[PDB]
């Protein structure tokens, strides 16, 4: 394997003797050269673990590094300042000051120019992190809501131009808000240039995807593949008009990229640098678990998948240090945490906490949630969870069956209940969600619906508002970067028209992807409305979180409340949080509270609470007690 010094001299060979002398003395080269020495070793090691002695590795690597240099040379000075700042502030992601929001540009504000005008509201809410859903070109009609990318560089004409996007990002930065977008690196649309040329037999794009002559290998692979989008096709392959078969984990128009081909990595690393230089702060690594395939396995979470992501990480450490990764690994808890690391994905979605929040509302029992917060919350230094209540996606019931079995709970049976309860097929349920990808062959099913619809706000359940505040309170205070699904802060309901829409009827997730509700937003400052009660309740928690250092960091220690309906945890040994998941008053006994201070101030209600006597929490009440 070549070393950093050797490779750097060859990067400079593009310049004439005279030009070269100027580059070697430039500040940009000084930074790049230093970062190469520090991080290239990791990059080389990761790529070697995946490609081994592949003859194309070295040639690909030199091409990639040459690109990295040019990319960094062109990188705007302001971004380079952010580069140095985060290089010396790895834990910026762990600060209690951070609060994020996510939205679709078209649904929430029409287009990019309209989005820029919403910035004042984002500052009003207190956001310091804004994630925008897929905004680049995609097939007309069905494109999986933008996740079937036809181009990683050309903005969806309906949203605006690449110029509008660069203006939006600069505007977000001026407002003190970080920009976050998707890095849909596991697959492209079948209309993407690479896909077309690969299928047409263009040698330049040979092996850019996984295409087979017949069903021989696809059948073999399907023996162990899990069906992700069973409604669209069985197994993981789709057939082309010419009879051949292509690997398609998701929709048939989404073709899985072939990372076993080093040139595919190079290509995607090139797109990553492009996004980096737009000023993007964080890239959401979409469907990270599927980037490597191997016959006989589920082709999810394989070792090479982690190595590839760590390789991508090194490229940013070298040519755009400011860019961090947000892992979107919706898999078994043991696998989720493996993508999170300073050298892999600095932050990652916390599907376990999310799924268990909803689980707890349904069962009224915190057993599973307590278990998760106790044994699966703390993360390695310089990393953090992205805690959420809802997203643009369906809700998958993430949790370890082995953990549940320890609590006397059967995973399969329990999920049957959870799905029934949340799609309102269980007597007494307050939830009004809808099924997503029900698989009759496995009994598996996921749930669609907005947060408000799942807590019963659609039928005006008197507990709806408090349930919303309870769930978000946990994502906002457990430790990690909280991500609010914009629209939730005013109780936005499902869009019931989706099922009638020809391009959406086959995907129930559109039920929870409603447009900006002007009526609800106009009520956000009215305490007599659900929208105002929700907004002010959440805004208050956001205010407290960002100003009170007791919430800083991502570590917590659970507190045994001795009441199966109340969750409890402590932040920095100074903030004791209690959350009642019962629709009835629940008590934490004075006996249980003996080690706590005589009295403590509750940041939610603002009153002084006595902990030397039984503490009774009203239905769904949340308390944030300052015990130090």
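Positions refer to the first chain, counted from 1.
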property	result
Of 356 to 364 and 222 to 230, the stretch whose C-alpha atoms average the higher B-factor in the entry	222 to 230
Per the entry, higher mean C-alpha B factor between 11 to 19 and 609 to 617	11 to 19
Candidate set 466, 286, 164, 300 [ranked by C-alpha B-factor, highest]	164
Residue with highest C-alpha B-factor in the PDB entry, from 378, 335, 95, 78	78
Entry-reported Cα temperature factor of residue 27, expressed as the chain third it lands in	highest
Third of chain Cα B-factors occupied by residue 136	highest
Third of chain Cα B-factors occupied by residue 392	lowest
Chain third (lowest, middle, highest) by recorded CA B-factor, residue given as residue 592	lowest
Relative C-alpha B-factor of residue 568, binned into the chain's lowest, middle or highest third	lowest
